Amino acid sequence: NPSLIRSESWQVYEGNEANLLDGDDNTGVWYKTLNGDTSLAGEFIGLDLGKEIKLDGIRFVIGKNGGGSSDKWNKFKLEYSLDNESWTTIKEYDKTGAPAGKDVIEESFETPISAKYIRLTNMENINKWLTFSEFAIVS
């Protein structure tokens, strides 16, 4: 199965990282950010797929309920890689000001996408910690 990859500096405050791969939207994780409680643009969380595969879509749930429900990136991108070094942006998002809580990011790739790594990546500094609930691919 895909394995979790994320910015090394984050620390788990609540929940467990395996909660991001259990297929349940109601289990997630609350990451403490360093740099003065700030997630820098360019930080990320996503999946190492173990080998190059053809993806038909993703379903990533960001945020969670209760604690840290408001702790989410405002601007971010979905990007993929063959080698964990060079990245291609599938799509960008700006959800500045959106309600706190779980937010399902679900995409279908009309033309399947060949990737070994797929992740969500911060595009703007934010003075928040971070919550997420689930990362899944469709292939």
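The first residue of the sequence shown is number 1, and the count goes up from there.
request  = Read off the CA B-factors in the entry, average them over 63-71 and over 110-118, and name the higher stretch.
outcome  = Going by the record's values, the stretch with the higher mean is 110-118.
request  = Look over 78-86 and 94-102 in the entry and identify the one with the greater average Cα temperature factor.
outcome  = Mean B over CA atoms: larger for 78-86.
ask   = Can you tell me which of 36, 46, 42, 50 has the highest Cα temperature factor in the record?
value = Result of the comparison over 36, 46, 42, 50: 50.
request  = Using the B-factor values recorded in the entry, state whether the Cα atom of residue 5 falls in the lowest, middle or highest third among the modelled residues of its chain.
outcome  = Its C-alpha B-factor, which the entry lists for residue 5, ranks in the lowest third among residues of this chain.
request  = Sorting the chain's modelled residues by C-alpha B-factor, tell me whether residue 11 ends up in the lowest, middle or highest third.
outcome  = CA B-factor rank for residue 11: middle third.
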